[PDB]
Amino acid sequence: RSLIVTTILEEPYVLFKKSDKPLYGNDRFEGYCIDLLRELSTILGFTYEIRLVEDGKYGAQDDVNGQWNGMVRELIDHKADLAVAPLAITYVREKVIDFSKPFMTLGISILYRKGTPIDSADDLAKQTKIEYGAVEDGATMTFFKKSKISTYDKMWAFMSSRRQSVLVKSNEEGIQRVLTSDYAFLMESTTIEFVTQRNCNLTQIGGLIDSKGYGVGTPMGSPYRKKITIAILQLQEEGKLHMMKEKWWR
Amino acid sequence: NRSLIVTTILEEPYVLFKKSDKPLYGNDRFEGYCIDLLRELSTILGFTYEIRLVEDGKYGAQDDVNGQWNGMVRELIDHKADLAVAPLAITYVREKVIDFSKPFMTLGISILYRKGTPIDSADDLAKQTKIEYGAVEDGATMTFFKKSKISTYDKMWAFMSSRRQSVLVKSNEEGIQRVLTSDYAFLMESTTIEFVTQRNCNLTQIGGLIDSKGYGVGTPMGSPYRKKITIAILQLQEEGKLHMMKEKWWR
Ligand SMILES: N[C@@H](CCC(=O)O)C(=O)O
Ligand SMILES: N[C@@H](CCC(=O)O)C(=O)O
Ligand SMILES: [Cl-]
């Protein structure tokens with residue numbers, strides 16, 4: 001049977017391929033992650049059907065009901081077999097689902113404009129004229145919400161007392177807020193790298209706040225975890241992953 | 001509750017003999033980044049352990065003819081150790097015989113060589129033969145070149161393979177020495193080069209990273225510790241401890 005693969009829209013990992021003619025099925029999709037899934041499928045010999053995550057979320061745990069959502073939720077309830085997307089490997093997520101070894105490594109950092117006085121996270125945390133935030137219900141938000149490091153603690157208190165204002169639905173939404181207002185955006189460095197190759201106005205600020213990877217997500221105990229790990233290491237070793245990265249970051 | 005058996009290998013600054021005027025015994029003989037990591041893990045997961053240096057002094061590679069493994073990987077396969085806590089690279093071939101925790105450090109193959117030369121990549125090395133070059137025998141680095149379809153890298157393996165017993169060394173320590181005393185460039189892992197170049201201001205990493213990979217804790221395939229150690233490592237990383245460990249030992 002075909003594998004149900006849940007994913008999410010996120011340039012340049014996953015996007016609607018553009019064409020003069022209507023497109024159908026998996027062929028509607030292109031991107032780094034789309035190329036990766038193809039590769040994985042030819043090495044492992046499986047067929048698959050790509051489905052965008054219904055609630056359009058990556059996956060976080062609700063404070064009250066303690067229930068999950070997004071792509072994470074869909075693996076837990078076995079609605080999908082694989083989650084192929086820029087899905088960050090995190091502590092809280094490993095406790096409910098499995099991940100393959102990372103196909104890409106990265107970290108949280110700051111998207112802002114060039115030539116400003118702001119040069120680190122600490123600079124953002126010690127002022128308030130410059131508003132800042134991040135994708136809601138994402139690994140980045142969760143990092144701050146759970147952090148016990150002073151600066152990040154403070155930054156979360158600020159973001160938390162302004163959920164409606166500074167938190168955004170999507171990366172795209174955040175990027176636009178940076179481009180159109182006086183706003184700094186806490187986001188993942190690989191995605192930042194794509195934004196700055198195309199927005200000469202913008203730049204990463206400071207270094208990486210943490211380190212993490214994107215892995216293929218599976219329901220806990222799935223046979224495909226180990227298998228996809230092996231396929232990913234092959235692709236990496238033979239230089240294909242680096243070629244894919246180059247292709248989609250230009 | 002039986003302690004775990006932890007296989008490891010000597011490699012600065014991941015693992016080393018603690019310097020002492022008085023003879024040390026058992027676990028007390030060892031210190032380093034990996035030793036620290038091992039202490040963190042044992043507190044989080046609540047286990048005790050016995051440290052054992054892999055007897056053959058090898059990381060682990062498979063023989064072409066017989067299909068048999070050596071080193072720390074052999075120790076895990078044979079179930080002679082419960083964990084491998086070392087700068088052990090997560091690779092395709094190893095992953096088929098053992099399990100790995102999610103990585104505690106990511107890095108890549110690059111080049112260790114002297115300053116003040118016009119050579120800026122592996123392609124520079126690959127086309128000449130005056131400047132000799134090699135890597136650690138039966139390690140993930142030698143294996144990378146041995147298996148690569150990339151023209152430049154295939155060429156470099158032809159060179160290394162033909163000069164096996166004079167350009168391949170038993171350890172990073174050996175390689176570091178050859179670079180320092182001869183016209184020799186050493187293919188090694190970037191994390192280790194970073195340690196070397198800080199200690200030795202006349203050396204430098206030539207070019208960027210030739211590939212990407214991570215170190216992970218090794219377990220026998222199917223071990224229940226794989227998942228738990230993955231979670232512990234992700235904990236240590238997220239709370240900032242792994243970064244502190246790196247600065248502590250890379251000063
Ligand atoms: N890729 C992230 C979402 C983006 C972010 O949180 O910055 C995740 O897995 O949740
Ligand atoms: N750390 C390497 C050995 C050193 C090298 O090959 O450069 C390994 O896991 O095999
Ligand atoms: Cl794992």
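Labels below follow one simple rule: chain letters A, B, ... track the order of the sequence lines, proteins then strands, and each chain is numbered from 1. Scope of the values below: all heavy atoms of this structure, side chains included, with no hydrogens, waters or symmetry mates.
The environment of A:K146 atom NZ is sparse: at most 12 non-hydrogen atoms of other residues, nucleotides or ligands sit within 6.0 angstrom. Crowding of A:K245 atom NZ: a count of heavy atoms from other residues, nucleotides or ligands under 6.0 Å exceeding 12. Atom NZ of A:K154 is surrounded by 12 or fewer heavy atoms from other residues, nucleotides or ligands within 6.0 Å. Annotation: B:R39, atom CZ; neighbour count of heavy atoms from other residues, nucleotides and ligands within 6.0 Å does not exceed 12.
Atom CG of A:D210 and atom CG of B:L242 lie 11.0 Å apart (nearest 0.5 Å). Here the CZ-CZ distance, from A:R225 to B:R226, works out to 3.5 Å after rounding to the nearest 0.5 Å.
Ranked by heavy-atom pairs shorter than 4.5 Å toward chain B, the options A:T90, A:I209, A:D98 are led by A:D98.
Of the two parts of A:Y152, neither the backbone nor the side chain holds a non-hydrogen atom closer than 4.5 Å to a non-hydrogen atom of chain B. For B:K213, no part lies near chain A; criterion is any non-hydrogen pair under 4.5 Å. When heavy atoms are compared at a cutoff of 4.5 Å, B:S101 approaches chain A solely by way of its backbone atoms N, CA, C and O. In this structure, no portion of B:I233 lies under 4.5 Å from any heavy atom of chain A. Contacts between B:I150 and chain A at a heavy-atom distance below 4.5 Å involve the side chain alone, from C-beta outward.
Put simply, the side chain of A:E238 never gets that close to the backbone of B:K149: no donor and acceptor are under 3.5 Å apart. Using a distance-only test at 3.5 Å, with no hydrogens or angles considered, no donor-acceptor pair links the side chain of B:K102 to the main chain of A:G213. Without hydrogens or angle criteria, B:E95 side chain to A:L233 main chain gives no donor-acceptor distance under 3.5 Å.
Between B:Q237 and A:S211, the closest side-chain pair of non-hydrogen atoms falls below 4.5 Å.
Taking every heavy atom of both residues into account, B:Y92 and A:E237 meet most closely at N-OE2, 3.0 Å.
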